[PDB]
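> Sequence, then structure. It's an experimental one.
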Amino acid sequence: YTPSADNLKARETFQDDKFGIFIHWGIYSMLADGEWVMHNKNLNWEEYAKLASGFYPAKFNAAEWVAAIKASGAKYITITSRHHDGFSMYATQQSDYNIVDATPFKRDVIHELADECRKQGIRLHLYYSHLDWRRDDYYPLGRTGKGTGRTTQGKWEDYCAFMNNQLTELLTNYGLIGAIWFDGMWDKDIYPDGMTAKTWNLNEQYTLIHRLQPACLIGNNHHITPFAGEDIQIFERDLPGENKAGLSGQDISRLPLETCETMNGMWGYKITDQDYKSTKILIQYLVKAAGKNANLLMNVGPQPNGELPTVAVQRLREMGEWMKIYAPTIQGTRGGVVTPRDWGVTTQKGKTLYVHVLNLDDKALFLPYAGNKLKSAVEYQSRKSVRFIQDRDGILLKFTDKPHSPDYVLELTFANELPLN
Amino acid sequence: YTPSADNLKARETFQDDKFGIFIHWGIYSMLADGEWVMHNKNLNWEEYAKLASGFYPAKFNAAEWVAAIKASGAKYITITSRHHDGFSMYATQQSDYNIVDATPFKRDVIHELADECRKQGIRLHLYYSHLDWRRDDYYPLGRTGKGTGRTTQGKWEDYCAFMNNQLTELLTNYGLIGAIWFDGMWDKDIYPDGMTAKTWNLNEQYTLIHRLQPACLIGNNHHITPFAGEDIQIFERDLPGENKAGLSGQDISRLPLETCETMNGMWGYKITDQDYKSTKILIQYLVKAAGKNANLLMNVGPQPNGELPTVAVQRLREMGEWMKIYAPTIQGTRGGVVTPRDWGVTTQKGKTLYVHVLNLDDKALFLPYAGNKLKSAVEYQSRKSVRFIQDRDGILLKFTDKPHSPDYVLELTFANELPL
Amino acid sequence: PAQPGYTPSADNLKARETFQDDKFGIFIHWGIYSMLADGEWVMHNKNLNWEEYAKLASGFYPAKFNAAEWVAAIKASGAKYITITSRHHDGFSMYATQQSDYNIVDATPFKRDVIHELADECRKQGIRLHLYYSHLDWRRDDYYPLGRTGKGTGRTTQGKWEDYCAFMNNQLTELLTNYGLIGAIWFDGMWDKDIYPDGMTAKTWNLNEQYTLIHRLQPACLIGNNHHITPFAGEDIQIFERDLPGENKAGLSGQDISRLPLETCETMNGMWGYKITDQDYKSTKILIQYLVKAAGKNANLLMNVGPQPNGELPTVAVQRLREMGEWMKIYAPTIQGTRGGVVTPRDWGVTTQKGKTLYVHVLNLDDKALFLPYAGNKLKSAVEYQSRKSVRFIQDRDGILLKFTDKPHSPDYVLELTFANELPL
Amino acid sequence: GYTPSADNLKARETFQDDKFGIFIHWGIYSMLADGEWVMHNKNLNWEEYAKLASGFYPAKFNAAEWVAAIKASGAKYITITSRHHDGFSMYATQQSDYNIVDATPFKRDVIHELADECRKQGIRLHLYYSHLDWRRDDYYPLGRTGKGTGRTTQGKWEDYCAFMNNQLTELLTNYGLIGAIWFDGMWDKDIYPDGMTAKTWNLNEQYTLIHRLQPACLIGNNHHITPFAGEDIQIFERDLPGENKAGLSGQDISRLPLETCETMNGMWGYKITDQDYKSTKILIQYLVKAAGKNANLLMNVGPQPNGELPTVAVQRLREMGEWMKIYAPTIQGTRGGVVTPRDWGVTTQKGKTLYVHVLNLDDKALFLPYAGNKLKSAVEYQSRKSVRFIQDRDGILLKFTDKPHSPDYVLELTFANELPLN
Ligand code: NA
Ligand SMILES: [Zn+2]
Ligand SMILES: [Zn+2]
Ligand SMILES: [Zn+2]
């Protein structure tokens, strides 16, 4: 695999963007207990499908959704085109089990979002599930979905053809797509060959994607070393190199990095979970991702009435108030020469090092960097000079006051370009 | 309270009818985890209310619902006008939290059902909750609804006025109403005066109901001695005199009796519960209720797409095929002079005793009844004669074959009217 | 022959008849799981490490254990035999085995072979001793491959199934050599491998070699196997767990009733091993009726007690047993020495029979007449079993109708009916 | 009111010097092996639970082996449960037959045996004693726990208080010198308005009795609030002073000697399902972090029903001791340092010496926010090599040749003036 020039350009734009919004939306939103409900509660596949003919998110408005997300500073959206329950949220001809043909809503919401994304300057990424709890040609089964009541059995080859045909539709009828974001491969990690490219038909899938849209980036949330043909690496609920959530532990690759996370605790809408992370924690999460050279893909789970959660919209609005001031210290940067520490992180652009102080009550900060003369240091907002001392061992900044919250940012200007590790 | 003559007339018709269908339907059908979900999961009243603007039961059809129910032999429907979550399934003007104003469906389903009920000859009963998990004027709180996020406090007097105004709408704008079926007063059984008529404004409520529709029957699912003004007594998930479900134990009154039960395990739609009682068990439940002089109110929980569960429609249809043969042995009867036994039950009408053999391998049956000469005994369906021996100790019936299922019915004719 | 190839010896057939005559035995589930007092399955249920669990043995000291007192309290109930766990699923041996040091003599400070002590007192007091033995083992690494249980007990090495089978053969040999005459071996656990296509075969479980070995050592020893399916050739009794034969209220049965002697087993509270949270012991009335219903279905009742970690039988269980024996002092002849009666069980009760005698056990009837579907044998007399008062009856070609002067009393209103001809079996 | 004796004040300073002790929770709840709260948590009938006693025989118990394994860690004292909430006495009390000597086949006074060995091996013995009782019917009225243990008779609170006084007298008369009484359980009555008063719990009389029999005996009471007059140590449960990650703290830091208690696995009593013992690295750093906050660490082990200390805990203690063999002077005999805890580590101090404990740092330099006291020298504590430093009015910057090693990279700084205690 050798990525095309347009793909490489897209990789650079992706890393420049730093911030996107995940959207998990499907008929599981009506049950309002998370996107895994079909499997978690062993719901019969035919009984679950009866929900579709009552699905009517009357307050859905794509312009409003995209506007609310753009106001956060985010530059792209990743939306579930089809999740594990096998329901398609677009006008597919591969199955009548889709938002157009099976619901009274009768509208291709992916189409409506694509149109508004294009109009508002937001890039559209498509989540697509390798795992299927409904179709009988997902056979043999893996570790999940054994309780969903399937009693017939089809051919894996036909399931793979189904996925190819759906990917082809998604990359034909919805304009330029910035990425395909695969998920679910891990379902067969119980078999010896269950995590191979051959088992999952990855080479054919990736070649097909890049043939239709060479600039489209491919990610696959398998939590292991990226397969040839992937263009981004995904870390689920952890910064690269961290494993507090237990879904990581894999080596950091050379691909563009993206951490995904929930704003409350769940990907799909969950009516019992209204505990949304504070704006301060969300801002620091984005800064910490940027400081580890990674994008943040922050999730919102839309309601069954088609509105984004009001509290999520407020958080996004307030993140955008901060981005109004600080976006140039995050967007367009890469992880800085000083890797993340307990006090905070650094990001860099050209000859500029942004020092993001997130957690420090003292009035001095040692930076382990030498060999590049520091010409100036100022507070990013006020532009006041920051006193400093530099020698062959590093740089010591001194501050007039306690670092303020949520991020006390210093702009350091060096004589030479900062190295890219 | 002395019931009007129209009310007494309605009480006898109710008992004649013997069989009705309960319907629990609301926006809780969307969450498909039972009608109690708002309390069970301590759902915030404002967050729960956001569900209404996505409620669109597009496959609802009142004519199909009523026809599927009529086909079972059932004679009446009891539907939730407003349950504990406080959402009104009708075009109330007392709150904007209703099916017409708060949902994109925009249709008064109770008015559509009332119209089909009247056209198809089915009587309409209305369930109404005394308990409210949403309104801040339901104050002080009882034992439920403490977790639904209310932070303002109103006045019980205004909540009582709310209930009166809704009852007036229901008994004025929907034609003749066969019964008001109250529920939820047990929520305040934790307080010393929590279960009094004064606390719950029952006398003013009951008088209002009977003023607007004197023939309307009043039931109250309080699980205790019926209050003056009530016209039916409710046993929840048990036959009168039994307490296998733990919600009964109260003395049997002289009011008409009604047992309510679920066809699967839950009143509201519940996607995890697809375990519907067999047709045999449902038929036997109706017969056992009749044999204890009680109606059976059997429940269906409609889906959020507006359809009755297809398996429930099937069960109803199959009950109706049985009723097409056997309806005269339970409708128009009262509990029989021989009270329920392990082998089955009896029902009666005039001088006729119907013996319902539900569970018997023997080719004979002893009946402990004496003092009334038995003139004839036949198989109800075949009309063939059944040999019998009668003396002062009782009656012994003898059969040619072992009793068939689900109900082997004998028709016995006595010289004198059977006592009640 | 009920079971081809296998022909039971004359002495085995005699033991089968005595077993059915006895009708009533007491199950005893005792082991170091009694210390944890949360049931005999605790090592699997809580995924306890096999090495950590074994550390319990060096603290096991049931100082109030008294074999004579146990056997006396059990004899007092009318029970005729005891079935005791020699080794349950946790793999701990409650006797002086040379196949493993993980046993009550070598691994505990108690240092006493309690099966030997019980066998001696059973012989002294006229009670027969049956031995439970587990096919399933959650400790040994030669229980390999695993079945559906025991995957969480921390085994990290693997042995050979052939060595596990040799281990069981040599333990069975010890049990049938060193403890006198043994009335039955009661196997359990082979359902563990019902997840495999050949997992329930005689070949997988080495049953033919085991059964042949048992009957070679003690031809009169009866073999039962709690597999919940059709009995394998060489078994001499059929077990129904927590149900009467033909019933399946507890969900562990459903298998056809064989021609072997039948035995239903049940707990007196809800659990087999001692369980400190479960003090809900069935009433004497329910226990008496359970024994009668078993006898009426031609089955023995094996009723369980789970001894405490201090070595005592639960006081409430001893009281129930005493009160059952008070009833048996009067009514034992209507159950012991009988077989299931020509009238099979009904909602009102059951019948048992012996010779020309039919005992009608009315367990649940408020009316003052009872129809009995039996004809072809002249009824000569009917009396109340205890008072001996005559019971009025009418007999014709369709059956018998008894009439009673009073509502039937509890827990069992027994009538004794005497016929002209032997009752059929 | 309360003025501590000269001997009490001396014992307070020795306790703080010692820094490190081992908690032992042992009782017949060890046989059920599901925690010391089991009789309440599972609503066990008090009579049925007591039947366990006649099967209790910890045949592998050996007081010398226990004390030896604890001494090998560097710890200087042991705190053992003389009687926990289940009401069972682990010593030869004459106030109840429900005790290890009279009610079990073991027939041995394990507190006596431990006291003998503690004296022989030079380890101080502290006695935990529960104010809460789930068995006795004179614990009446009930508080929030123990309502399911099946009591159907009612005694008198004054008789329960007399029972406690009589047991405390035994423990302070028949067992040699006792370094502390460690009370627990009065929070049971925090549901009543007067439920946390000294009057309700008879504390003044109890404390006066303890200090009359053994004036140097230190009194602690795990009530999670401001210490009562007469207490000589303050207890923080599962948190360092000033922290509340475990939710049992939040009380102001007093001027009494401070002690944080914690479990090695997750439970105080033996728990057969819980074999997740904190790593030696985490245990050493816990001890250092406690010392850096001017607190002792009381680290728990829950002995098995066969009488052995868990072997993994013995091994952890041994490894702790291998670290203490090198680093004990940087912890024992110190007080919390003038630089309070930071993300990178902590400081401790003695005289003019500041020990800088680097616990979590990838840099080859460290800024210390301390001024007004001239730094005379800085060395690596273990190697003794000099550490370069810069000092000015804003603080001190230390520079290191290599990345700090684990579990604790210790620098020894020597100042011109005595370090203050704030
Ligand atoms: Na009868
Ligand atoms: Zn378009
Ligand atoms: Zn012997
Ligand atoms: Zn001594």
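Good, I have the coordinates. Numbering: from 1, shown residues only, chains lettered A, B, ... in the order given. Ligands and ions are numbered 1, 2, ... in the order given.
> so residue A:366 touches residue A:391, yeah?
No. If you go by C-beta atoms under 8 Å, residue A:366 and residue A:391 don't touch, sitting 11.2 Å apart. The C-beta positions use only the backbone N, C-alpha and C, and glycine is treated the same way.
> can you pull the contacts of the nearest residue to residue A:238 once chain neighbours are set aside?
Leaving aside its chain neighbours, residue A:238 sits nearest to residue A:248 (4.5 Å; criterion: C-beta to C-beta, 6 or more residues apart in numbering or on different chains). Applying C-beta atoms under 8 Å, 6 or more residues apart in numbering or on different chains to residue A:248 gives the contacts A:223, A:235-238, A:242.
> And for residue A:393?
Residues near residue A:393 by C-beta under 8 Å, 6+ apart: A:370, D:364-365, D:399.
> mind redoing it with 10 Å?
For residue A:393, the contacting residues are A:366, A:368-370, D:363-365, D:388, D:397, D:399-400, by C-beta atoms under 10 Å, 6 or more residues apart in numbering or on different chains.
> hmm, which two among those residues are most spread apart?
A:369 and D:388 (18.5 Å; C-beta to C-beta).
> Please enumerate the strands of the stretch 51-200 of chain A.
For the stretch 51-200 of chain A, the strands defined by DSSP state E, counting those that start in this stretch occupy A:76-82, A:123-129, A:179-183.
> Nearest residue to the closest residue to chain D within chain A in space, please, no chain neighbours.
Using C-beta to the nearest C-beta, residue A:342 is the residue of chain A that sits closest to chain D, at 3.9 Å. Leaving out its chain neighbours, the residue that sits closest to residue A:342 by C-beta to C-beta, 6+ apart is residue D:343, at 3.9 Å.
> Give me the most central residue, chain A.
Geometric centre of chain A, nearest residue: residue A:297, 3.0 Å, by C-alpha atoms, centre = their mean.
> Return the distance of the helix or strand containing that residue from the chain's centre.
Residue A:297 is part of strand A:294-300 when elements are defined by DSSP states H and E. Distance of strand A:294-300 from its chain centroid, counting by C-alpha atoms, centre = their mean, to the nearest Å, is 4 Å.
> Starting from it, tell me which strands it pairs with and how they run.
According to DSSP bridges, strand A:294-300 has the following sheet partners: strand A:19-23 (parallel), strand A:257-262 (parallel).
> mind giving me the domain split of chain A?
Per automatic domain parsing, the structural domains of chain A span A:5-332, A:335-414.
> just so I have it, where are all the helices in chain A?
In chain A, the helices defined using DSSP state H lie at A:5-17, A:28-31, A:37-40, A:45-49, A:62-70, A:109-120, A:156-170, A:197-200, A:202-212, A:279-291, A:310-326.
> what helices or strands is the first one leaning on?
I take that to be helix A:5-17. Other elements packing on helix A:5-17 under the criterion 3 or more C-beta pairs under 10 Å, 6 or more residues apart in numbering or on different chains; DSSP states H and E are strand A:76-82, strand A:123-129, strand A:217-221, strand A:257-262, strand A:294-300, strand A:334-335.
> got the buried residues for it?
A:7, A:10-11, A:13-15, A:17 (16 or more other C-beta atoms under 10 Å in any protein chain shown).
> What's the local residue count around residue A:332?
Residues near residue A:332, counting by other C-beta atoms under 10 Å in any protein chain shown, number 14.
> for it, what are its contacts?
Residues in contact with residue A:332 (C-beta under 10 Å, 6+ apart) are A:15-18, A:347, A:349-350.
> So what sits opposite residue A:19 in the bridge?
Beta-bridge partners, per DSSP bridges, of residue A:19: residue A:296.
> wait, isn't it in contact with residue A:261?
No. Shown here, residue A:19 and residue A:261 do not form a contact pair, counting by C-beta atoms under 10 Å, at 11.7 Å.
> any common contacting residues for these two?
Common contact partners of residue A:19 and residue A:261 (C-beta under 10 Å, 6+ apart): A:286, A:289, A:296-298.
> Nearest to chain B among the residues you listed?
residue A:298 (20.9 Å).
> Contact partners for the closest one?
Residues in contact with residue A:298, defined by C-beta under 10 Å, 6+ apart, are A:19-22, A:69, A:72, A:74, A:259-263, A:277, A:282, A:285-286, A:289, A:312, A:315-316, A:319.
> now the strands paired with strand A:294-300 in JSON lines, with mean neighbour count?
Converted to JSON lines, the strands paired with strand A:294-300 look like this (neighbours: other C-beta atoms under 10 Å in any protein chain shown):
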{"stretch": "strand A:19-23", "mean neighbour count": "24"}
{"stretch": "strand A:257-262", "mean neighbour count": "23"}
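> So which of the domains of chain A has the densest surroundings on average?
domain A:5-332 (a mean of 19; mean count of other C-beta atoms under 10 Å in any protein chain shown).
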